[PDB]
Amino acid sequence: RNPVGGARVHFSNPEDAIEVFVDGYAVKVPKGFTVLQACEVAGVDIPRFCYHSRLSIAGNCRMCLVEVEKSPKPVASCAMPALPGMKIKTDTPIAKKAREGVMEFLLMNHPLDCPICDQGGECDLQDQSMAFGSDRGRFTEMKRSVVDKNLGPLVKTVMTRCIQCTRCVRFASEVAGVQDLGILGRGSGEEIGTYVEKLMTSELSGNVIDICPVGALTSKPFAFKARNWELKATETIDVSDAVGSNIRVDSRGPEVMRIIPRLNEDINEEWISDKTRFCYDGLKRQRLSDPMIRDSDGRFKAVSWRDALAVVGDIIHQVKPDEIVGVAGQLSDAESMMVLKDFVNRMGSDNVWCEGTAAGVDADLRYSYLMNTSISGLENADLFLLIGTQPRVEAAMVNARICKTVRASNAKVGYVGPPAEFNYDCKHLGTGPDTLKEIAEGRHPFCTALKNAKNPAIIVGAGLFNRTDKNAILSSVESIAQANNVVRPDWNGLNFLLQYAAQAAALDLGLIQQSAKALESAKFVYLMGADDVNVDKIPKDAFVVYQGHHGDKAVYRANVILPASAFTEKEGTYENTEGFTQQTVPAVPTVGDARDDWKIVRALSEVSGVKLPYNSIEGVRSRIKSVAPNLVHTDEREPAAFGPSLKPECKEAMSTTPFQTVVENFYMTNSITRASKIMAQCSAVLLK
Amino acid sequence: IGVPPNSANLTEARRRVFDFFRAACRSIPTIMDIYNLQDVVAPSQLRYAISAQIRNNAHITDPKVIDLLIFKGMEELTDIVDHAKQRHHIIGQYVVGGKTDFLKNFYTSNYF
Amino acid sequence: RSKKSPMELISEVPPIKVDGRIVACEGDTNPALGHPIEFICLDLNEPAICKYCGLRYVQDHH
Amino acid sequence: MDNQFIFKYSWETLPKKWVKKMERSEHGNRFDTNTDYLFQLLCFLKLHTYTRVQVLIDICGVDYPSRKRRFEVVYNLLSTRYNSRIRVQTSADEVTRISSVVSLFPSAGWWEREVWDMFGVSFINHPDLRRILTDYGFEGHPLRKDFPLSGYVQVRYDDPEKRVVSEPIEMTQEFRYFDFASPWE
Amino acid sequence: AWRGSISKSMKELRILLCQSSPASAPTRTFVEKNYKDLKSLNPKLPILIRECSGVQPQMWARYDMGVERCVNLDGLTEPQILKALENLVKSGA
Amino acid sequence: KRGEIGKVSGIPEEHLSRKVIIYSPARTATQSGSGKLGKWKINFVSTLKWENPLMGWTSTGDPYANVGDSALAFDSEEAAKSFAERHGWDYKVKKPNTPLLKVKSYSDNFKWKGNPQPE
Ligand SMILES: CCCCCCCCCCCC(=O)SCCNC(=O)CCNC(=O)[C@H](O)C(C)(C)COP(=O)(O)O
Ligand code: SF4
Ligand code: SF4
Ligand code: FES
Ligand SMILES: [Zn+2]
């Protein structure tokens, strides 16, 4: 037999492995597993309400009660450790009678509002009541009730349906890191709340909607919109940040209803951020859908695809080859970037780069822009040194795993950067480059802990790449990494955290800027969804083409608008901060007359008299295989090959300007969230 | 009459293909009269059509698949012999028949 | 009065005075012809709204 | 006469090399045999004195896309003399020709034609094996699990062409599939 | 002195290889003992070293307008790899 | 791909050149049950839908709009791969993400912080 849900049990050694009898079947489990986990290994799935595999154990609901031979009373399988020779019994009359007793108690003060509950067809309470519960209720007296409380614009609260499993409290205390929610009162009158009127401001606050087994906590934007049985589930990934969380897009027809997490032990681990969860609103607002060209007076007229391509292909032949600039966006997939790079290269130009970290970064060795320690590998670190990075706003899931490591392994975090708010205890070593020199030379008290740490983890931020002293800072960090051993064959500690989903693929494909003063001396600028660049740098004589899916400040300056498809409407490959390649699956049809980015660039190449050998999406991936052959080997865990020793000696001087913050508004980062309605009421009341 | 037993080798499959082709060719005169195909199509264009179908289905090497194909073709032939199908149907199936393909498909729709 | 939407019609019914801290709303005089029983806690200042009927209940004295 | 007696008798009298699976329950006594012994088994079960099965109730197919032998052909049988029912099952894929039983049971003709129409299973020595239910010129076998519920083609009247024509299907409202499955099953 | 004009003729040097194989071992040696010298003599040329599992050792080179030339480094020693790089640099442009 | 069964099945030639994804659907995040797991499905990537401009209903022109979600299900990856191979569909396989059972005990909630360190 197989474990429930295909769960993988990791035996550290064959010696430390006890034997238990779940239902007369011999089961081998390590010392430390509970009765519930041992039953999960043996294919038996125990009912549970308050137990979550990512939260601390708290035997409240008493629903997982089983029978043990040497026990006078039923034991809570979630908290009872497994002992060698223990004989568990799950399908005995004792365990049953316990389960229908507990279900009867749980369904005693519960309100009769299943039809109006947003957890209607997806509730654990009623699903287990049908299976493990009884048939008739003996309760006739008056039920209790509580008032509903406002927790913000994201979590809708109907606390009459609370079953008091305290999973939200445990999540807020352990995973979210923001202690604002707790169990208040004593007895049947105990309530979940903040006592004072405050709103959930955590970036991972939306995850309480999923951990809640009942409809007490539900999404407010996705209130009454649809039922779960009406929704088609597509397993896609994130493009909002460079973490690449595994999500599950649910849609009802040609529009997306909601986004919920998806299990990935190596990237997100059942959690997603509030920017991931509620970004689906902007996918249906201010969407570019028709090709458009400005008129003489200055207005955009809707035009057919043939004429817009004709105009851009006619203007591209009148500018000098070095006058052509192509800028990729943060939401671009690898195929479109490869097509754009090929197109610009054939025209005679070499100025192709991405929105963010594209200031001249050397992507020559691939360890200098990747999390050389895997995200899941950060759980073995003993000391985190965050050099000029704020993972709470940049990569929210990396921050979640750092908080996990700090609260479980008692790790130490040293932060060098601008003042910010952390959900874990951190020592503010400094605020600028001089702190790095202080660390390098020594005698700093944090250096003692750094050199006395078995597995240190230095996490440099992508914002350290737009500075003029980038090489000096990267040399100081490498000197710290070498002097205080963090990069060894058995453990690699030097990490670089990117902020945009397209940065990793762009750096792998060689999309690095050549000239710093390239967007000032340009005449034809192809903004391939790059609206996060300051268009005021572009000269007023330049012919700007904006190829994207949403309207922003770049649209008000573009001469030709080519509509594009979003990440939920195309097949694209995205690379994580750790170098893991994943693919998005189309979920909803493209809106209007919009096309995939690579298709639009290839058609523009054809109209501009430039032949591109490939003609299909499979042709692009073959071309990518000759440039970054690891972008086609998706779902492979390929580690880095070389180390920091190959980099040439660079004797520059570190500047004195303190580090800056790259993300000011966490809810306003990309163009999809910038066009969303939820992210406005979230950036207006939740941000301080 | 009865459905023949399943073949055992490729030679028997080829023999059945030739027998079916000959039967279909002998069925050509009947179709030209049952349906007013006299002043429509030459008596050899249809023959070429059946030959083309046999030839573009000629990469099969599984005798069972060949026998099933022959059986389906014989069913189609028997249906056409009867007045079961409409007149334009056979004329819609049995008649023999610049920038870039990608660019035309791009101008047409996003879904290739 | 078809110009009045059901929202405006349910927004004109005065709240029902209840002496206790909790009231049970069934939706009709005959229980079998209404909506599922709904127990409403009257421990706030604003009137408390039935999630089925839209009827509002307010505490009488305290 | 009964499931307890028929099972024990057929265990002993039947040749062993024919049947390879014998379930005895209250839902029905089944016999699962190879496709090259089906006719032999059904002829034995039609002529033997103590197993006088003279009525073939129906022939149905069941589609299992996850199996190597995709289709399951079920023969529901009835014995009027002994007031008992027997079910015989075989398995065949999409390109195998199983033996026809029209020689033994004349009523098997239309059911075999329906099985061929609905699943694509061909029968050896069937007097005429043509589609019986689907429209003339129908392409595909609808009762397969991979066949779409609404099919591939649609029918409408074409006024310029002055005839009823067939066109690719295009629904005004697509079939909404509701997933009611529970994770606690 | 061909190692000092790589940036004058080329515009990008990609060296595909595999990190766990015995065919790309002479390619890994070449990368280890020559990357720092080449990158120091040519600070601006983007010498990209990309590696995956099932990848044949190659050495690509973009030129003036999209032109690319590749050499299969699957049966060459380290001096042979260096001479191939010389051929791409000199003869290429 | 030996799509002979696709040729002797009746599927039109246009729909025999589709690109499908073979994957195992994962457990939903709103429920803790693991009953709807272990089954493999073929995703036809049927997204071409629009809106009826009379009533707002969702219209479609794709026959494989709900087949892989409603009727076509497999018990293993090999079965789905064989089905796609015989029907001549170009397929890619997405391996499912599975949870890892770590050691968790109730006593870890109550762990000594350590001697008071005046650091
Ligand atoms: C109006 C009439 C109605 C009916 C018209 C017919 C409609 C159905 C058309 C037939 C459909 C089929 O695919 S049924 C026929 C399909 N079966 C085969 O193609 C066998 C494989 N082919 C070969 O072995 C050789 O290429 C071979 C071609 C034999 C010769 O070449 P050689 O001997 O050198 O070897
Ligand atoms: S939480 Fe579950 S049981 Fe309670 S009302 Fe909502 S759907 Fe019904
Ligand atoms: S609100 Fe939900 S998660 Fe929190 S204690 Fe109540 S039922 Fe549990
Ligand atoms: S799950 Fe164990 S007592 Fe609640
Ligand atoms: Zn009411």
# chains A, B, ... in the order shown; residues from 1 in each chain; ligands from 1
>>> interface_residues(of="chain E", to="chain A", cutoff="8 Å", atoms="only C-alpha atoms", output="NGL selection string")
:E and (14 or 16 or 19 or 32 or 35-37 or 39-40 or 46-53 or 55 or 60 or 64-66)
>>> residues_near_ligand(ligand="ligand 5", cutoff="12 Å", atoms="only C-alpha atoms and all ligand atoms", output="MDAnalysis selection string")
(chainID A and resid 112:113) or (chainID C and resid 10 16 23:29 31 33:40 48:57)
>>> residues_around(residues="range 11-21 of chain B", least_positions_apart="4", cutoff="12 Å", atoms="only C-alpha atoms", output="CSV table (one decimal) with N, CA and C atoms, in the first residue's frame")
chain,number,residue,atom,x,y,z
B,4,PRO,N,-14.9,-11.1,-42.2
B,4,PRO,CA,-13.9,-12.1,-42.4
B,4,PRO,C,-13.1,-12.2,-41.1
B,5,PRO,N,-12.5,-13.4,-40.8
B,5,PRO,CA,-11.6,-13.5,-39.6
B,5,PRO,C,-10.4,-12.6,-39.7
B,6,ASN,N,-9.9,-12.2,-38.6
B,6,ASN,CA,-8.8,-11.3,-38.5
B,6,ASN,C,-7.5,-11.9,-39.2
B,7,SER,N,-6.8,-11.0,-40.0
B,7,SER,CA,-5.7,-11.5,-40.7
B,7,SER,C,-4.5,-11.8,-39.8
B,25,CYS,N,-13.9,0.0,-57.2
B,25,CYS,CA,-13.8,0.5,-58.6
B,25,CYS,C,-15.0,-0.1,-59.4
B,26,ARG,N,-15.4,-1.3,-59.2
B,26,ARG,CA,-16.6,-1.8,-59.9
B,26,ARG,C,-17.9,-1.1,-59.4
B,27,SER,N,-17.8,-0.5,-58.2
B,27,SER,CA,-19.0,0.2,-57.7
B,27,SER,C,-19.1,1.6,-58.3
B,28,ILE,N,-18.2,2.1,-59.1
B,28,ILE,CA,-18.2,3.4,-59.7
B,28,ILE,C,-19.4,3.6,-60.7
B,46,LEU,N,-12.7,9.8,-59.6
B,46,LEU,CA,-13.1,9.1,-58.4
B,46,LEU,C,-12.1,7.9,-58.1
B,47,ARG,N,-11.7,7.2,-59.1
B,47,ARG,CA,-10.8,6.1,-59.0
B,47,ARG,C,-9.5,6.6,-58.4
B,48,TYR,N,-9.0,7.7,-58.9
B,48,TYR,CA,-7.8,8.3,-58.3
B,48,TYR,C,-8.0,8.7,-56.9
B,49,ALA,N,-9.3,9.1,-56.5
B,49,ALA,CA,-9.5,9.5,-55.2
B,49,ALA,C,-9.4,8.3,-54.2
B,50,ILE,N,-10.0,7.2,-54.5
B,50,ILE,CA,-9.8,6.0,-53.7
B,50,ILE,C,-8.4,5.6,-53.7
B,51,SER,N,-7.7,5.7,-54.8
B,51,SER,CA,-6.3,5.3,-54.8
B,51,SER,C,-5.5,6.3,-53.9
B,52,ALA,N,-5.8,7.5,-53.9
B,52,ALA,CA,-5.1,8.5,-53.0
B,52,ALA,C,-5.4,8.2,-51.5
B,53,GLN,N,-6.6,7.8,-51.2
B,53,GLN,CA,-6.9,7.5,-49.8
B,53,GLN,C,-6.1,6.2,-49.4
B,54,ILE,N,-6.1,5.2,-50.3
B,54,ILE,CA,-5.3,4.0,-49.9
B,54,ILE,C,-3.8,4.3,-49.8
B,55,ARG,N,-3.3,5.3,-50.6
B,55,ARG,CA,-1.9,5.6,-50.6
B,55,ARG,C,-1.5,6.4,-49.4
B,57,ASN,N,-3.1,6.3,-46.6
B,57,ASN,CA,-3.2,5.4,-45.5
B,57,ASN,C,-2.2,4.1,-45.6
B,58,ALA,N,-1.2,4.3,-46.4
B,58,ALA,CA,-0.3,3.1,-46.7
B,58,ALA,C,0.9,3.0,-45.8
B,60,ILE,N,0.6,2.1,-42.7
B,60,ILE,CA,0.3,1.2,-41.6
B,60,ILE,C,0.9,-0.1,-41.8
B,61,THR,N,1.5,-0.7,-40.7
B,61,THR,CA,2.1,-2.0,-40.8
B,61,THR,C,1.5,-3.0,-39.9
B,62,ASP,N,0.4,-2.6,-39.2
B,62,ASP,CA,-0.3,-3.6,-38.3
B,62,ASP,C,-1.5,-4.2,-39.1
B,63,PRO,N,-1.5,-5.5,-39.2
B,63,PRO,CA,-2.6,-6.2,-40.0
B,63,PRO,C,-4.0,-5.9,-39.4
B,64,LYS,N,-4.1,-5.9,-38.1
B,64,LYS,CA,-5.4,-5.6,-37.5
B,64,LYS,C,-5.9,-4.2,-37.9
B,65,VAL,N,-5.0,-3.2,-37.8
B,65,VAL,CA,-5.4,-1.9,-38.2
B,65,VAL,C,-5.8,-1.8,-39.7
B,66,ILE,N,-5.1,-2.5,-40.5
B,66,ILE,CA,-5.4,-2.5,-41.9
B,66,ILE,C,-6.8,-3.2,-42.2
B,67,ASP,N,-7.0,-4.3,-41.5
B,67,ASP,CA,-8.3,-4.9,-41.6
B,67,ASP,C,-9.5,-4.0,-41.1
B,68,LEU,N,-9.3,-3.3,-40.0
B,68,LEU,CA,-10.3,-2.4,-39.5
B,68,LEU,C,-10.5,-1.2,-40.5
B,69,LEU,N,-9.4,-0.7,-41.1
B,69,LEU,CA,-9.5,0.3,-42.1
B,69,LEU,C,-10.3,-0.2,-43.3
B,70,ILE,N,-10.0,-1.4,-43.8
B,70,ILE,CA,-10.7,-2.0,-44.9
B,70,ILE,C,-12.2,-2.1,-44.6
B,71,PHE,N,-12.5,-2.6,-43.3
B,71,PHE,CA,-13.9,-2.7,-42.9
B,71,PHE,C,-14.7,-1.4,-42.9
B,72,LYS,N,-14.0,-0.4,-42.4
B,72,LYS,CA,-14.6,0.9,-42.4
B,72,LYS,C,-14.8,1.5,-43.8
B,73,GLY,N,-13.9,1.3,-44.7
B,73,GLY,CA,-14.0,1.7,-46.1
B,73,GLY,C,-15.1,0.9,-46.8
B,74,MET,N,-15.3,-0.4,-46.5
B,74,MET,CA,-16.4,-1.1,-47.1
B,74,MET,C,-17.7,-0.7,-46.6
B,75,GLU,N,-17.8,-0.3,-45.3
B,75,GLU,CA,-19.0,0.2,-44.7
B,75,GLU,C,-19.4,1.6,-45.4
B,76,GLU,N,-18.4,2.4,-45.6
B,76,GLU,CA,-18.6,3.7,-46.3
B,76,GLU,C,-19.1,3.4,-47.7
B,77,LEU,N,-18.4,2.5,-48.4
B,77,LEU,CA,-18.8,2.1,-49.8
B,77,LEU,C,-20.2,1.6,-49.9
B,78,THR,N,-20.6,0.8,-48.9
B,78,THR,CA,-22.0,0.2,-48.9
B,78,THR,C,-23.0,1.3,-48.6
>>> interface_residues(of="chain F", to="chain A", cutoff="7 Å", atoms="only C-alpha atoms", output="PyMOL selection string")
chain F and resi 29-31+34+37+45+47-50+58+97-101+103-106+109
>>> write_last_selection(atoms="C-alpha atoms", output="PDB file, in the first residue's frame")
ATOM      1  CA  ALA F  29      -5.830  24.072  -0.426  1.00  0.00           C
ATOM      2  CA  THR F  30      -9.275  24.591   1.144  1.00  0.00           C
ATOM      3  CA  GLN F  31      -9.676  20.960   2.270  1.00  0.00           C
ATOM      4  CA  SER F  34      -6.796  13.364   0.182  1.00  0.00           C
ATOM      5  CA  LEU F  37      -5.646  12.034  -5.503  1.00  0.00           C
ATOM      6  CA  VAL F  45      -5.680  22.995 -23.073  1.00  0.00           C
ATOM      7  CA  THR F  47      -9.316  27.710 -23.686  1.00  0.00           C
ATOM      8  CA  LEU F  48     -11.028  29.078 -26.828  1.00  0.00           C
ATOM      9  CA  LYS F  49     -14.275  30.273 -25.261  1.00  0.00           C
ATOM     10  CA  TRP F  50     -16.252  33.488 -25.636  1.00  0.00           C
ATOM     11  CA  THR F  58     -20.147  30.886 -22.373  1.00  0.00           C
ATOM     12  CA  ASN F  97       4.348  17.469  -6.348  1.00  0.00           C
ATOM     13  CA  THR F  98       4.111  15.277  -3.288  1.00  0.00           C
ATOM     14  CA  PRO F  99       4.317  16.217   0.402  1.00  0.00           C
ATOM     15  CA  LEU F 100       7.187  15.087   2.611  1.00  0.00           C
ATOM     16  CA  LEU F 101       6.350  13.794   6.091  1.00  0.00           C
ATOM     17  CA  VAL F 103       9.082  14.671  12.285  1.00  0.00           C
ATOM     18  CA  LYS F 104       6.586  16.657  14.360  1.00  0.00           C
ATOM     19  CA  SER F 105       5.853  16.178  18.056  1.00  0.00           C
ATOM     20  CA  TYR F 106       3.601  17.972  20.525  1.00  0.00           C
ATOM     21  CA  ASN F 109       5.599  23.431  21.412  1.00  0.00           C
TER      22      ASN F 109
END
>>> residues_around(residues="residue 104 in chain B", least_positions_apart="6", cutoff="10 Å", atoms="only C-alpha atoms", output="JSON, numbers by chain")
{"A": [306, 603], "B": [98]}
>>> select_by_dssp(residues="range 36-105 of chain F", states="strand (DSSP E or B)", output="JSON, numbers by chain")
{"F": [40, 41, 42, 43, 49, 50, 51, 58, 59, 60, 73, 74, 90, 91, 92, 93, 94, 100, 101]}
>>> write_last_selection(atoms="N, CA and C atoms", output="PDB file, in the first residue's frame")
ATOM      1  N   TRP F  40      -4.822  10.196 -12.787  1.00  0.00           N
ATOM      2  CA  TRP F  40      -4.148  10.979 -13.809  1.00  0.00           C
ATOM      3  C   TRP F  40      -5.145  11.426 -14.870  1.00  0.00           C
ATOM      4  N   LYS F  41      -4.930  12.633 -15.386  1.00  0.00           N
ATOM      5  CA  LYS F  41      -5.848  13.243 -16.334  1.00  0.00           C
ATOM      6  C   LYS F  41      -5.066  13.786 -17.520  1.00  0.00           C
ATOM      7  N   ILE F  42      -5.762  13.918 -18.645  1.00  0.00           N
ATOM      8  CA  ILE F  42      -5.207  14.499 -19.860  1.00  0.00           C
ATOM      9  C   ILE F  42      -5.844  15.867 -20.049  1.00  0.00           C
ATOM     10  N   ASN F  43      -5.019  16.908 -20.051  1.00  0.00           N
ATOM     11  CA  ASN F  43      -5.493  18.272 -20.238  1.00  0.00           C
ATOM     12  C   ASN F  43      -5.312  18.653 -21.701  1.00  0.00           C
ATOM     13  N   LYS F  49     -12.894  30.028 -25.642  1.00  0.00           N
ATOM     14  CA  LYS F  49     -14.275  30.273 -25.261  1.00  0.00           C
ATOM     15  C   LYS F  49     -14.564  31.763 -25.370  1.00  0.00           C
ATOM     16  N   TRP F  50     -15.836  32.097 -25.558  1.00  0.00           N
ATOM     17  CA  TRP F  50     -16.252  33.488 -25.636  1.00  0.00           C
ATOM     18  C   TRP F  50     -17.609  33.624 -24.956  1.00  0.00           C
ATOM     19  N   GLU F  51     -18.234  34.782 -25.132  1.00  0.00           N
ATOM     20  CA  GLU F  51     -19.476  35.124 -24.454  1.00  0.00           C
ATOM     21  C   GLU F  51     -20.597  35.266 -25.474  1.00  0.00           C
ATOM     22  N   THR F  58     -21.469  31.243 -21.879  1.00  0.00           N
ATOM     23  CA  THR F  58     -20.147  30.886 -22.373  1.00  0.00           C
ATOM     24  C   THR F  58     -20.290  29.945 -23.563  1.00  0.00           C
ATOM     25  N   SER F  59     -19.906  30.421 -24.740  1.00  0.00           N
ATOM     26  CA  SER F  59     -19.950  29.637 -25.963  1.00  0.00           C
ATOM     27  C   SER F  59     -18.588  29.010 -26.236  1.00  0.00           C
ATOM     28  N   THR F  60     -18.600  27.932 -27.016  1.00  0.00           N
ATOM     29  CA  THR F  60     -17.368  27.238 -27.358  1.00  0.00           C
ATOM     30  C   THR F  60     -17.525  26.560 -28.711  1.00  0.00           C
ATOM     31  N   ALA F  73     -10.379   9.653 -17.455  1.00  0.00           N
ATOM     32  CA  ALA F  73      -9.510   9.619 -16.289  1.00  0.00           C
ATOM     33  C   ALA F  73      -8.750   8.302 -16.273  1.00  0.00           C
ATOM     34  N   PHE F  74      -7.529   8.335 -15.747  1.00  0.00           N
ATOM     35  CA  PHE F  74      -6.661   7.169 -15.715  1.00  0.00           C
ATOM     36  C   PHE F  74      -6.127   6.950 -14.307  1.00  0.00           C
ATOM     37  N   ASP F  90       0.405  14.710 -29.244  1.00  0.00           N
ATOM     38  CA  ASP F  90       1.674  15.155 -28.688  1.00  0.00           C
ATOM     39  C   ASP F  90       1.478  15.545 -27.232  1.00  0.00           C
ATOM     40  N   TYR F  91       2.162  14.846 -26.333  1.00  0.00           N
ATOM     41  CA  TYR F  91       1.918  14.979 -24.907  1.00  0.00           C
ATOM     42  C   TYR F  91       3.191  15.369 -24.172  1.00  0.00           C
ATOM     43  N   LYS F  92       3.009  16.091 -23.071  1.00  0.00           N
ATOM     44  CA  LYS F  92       4.067  16.358 -22.107  1.00  0.00           C
ATOM     45  C   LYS F  92       3.542  15.985 -20.730  1.00  0.00           C
ATOM     46  N   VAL F  93       4.405  15.415 -19.898  1.00  0.00           N
ATOM     47  CA  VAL F  93       3.991  14.866 -18.612  1.00  0.00           C
ATOM     48  C   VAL F  93       4.484  15.779 -17.498  1.00  0.00           C
ATOM     49  N   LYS F  94       3.567  16.197 -16.630  1.00  0.00           N
ATOM     50  CA  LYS F  94       3.891  17.001 -15.457  1.00  0.00           C
ATOM     51  C   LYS F  94       3.865  16.093 -14.235  1.00  0.00           C
ATOM     52  N   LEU F 100       6.172  15.840   1.886  1.00  0.00           N
ATOM     53  CA  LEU F 100       7.187  15.087   2.611  1.00  0.00           C
ATOM     54  C   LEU F 100       6.832  15.103   4.091  1.00  0.00           C
ATOM     55  N   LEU F 101       6.723  13.918   4.686  1.00  0.00           N
ATOM     56  CA  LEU F 101       6.350  13.794   6.091  1.00  0.00           C
ATOM     57  C   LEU F 101       7.583  14.012   6.956  1.00  0.00           C
TER      58      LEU F 101
END
>>> atom_distance(atom1="CA of residue 42 in chain A", atom2="CA of residue 23 in chain A")
8.4 Å
>>> interface_residues(of="chain F", to="chain D", cutoff="7 Å", atoms="only C-alpha atoms", output="list in words")
residues 9, 10, 11, 33, 34, 35, 36, 52, 57, 58, 59, 60, 61, 63, 64, 66, 67, 70, 71, 72, 74, 75 and 79 of chain F
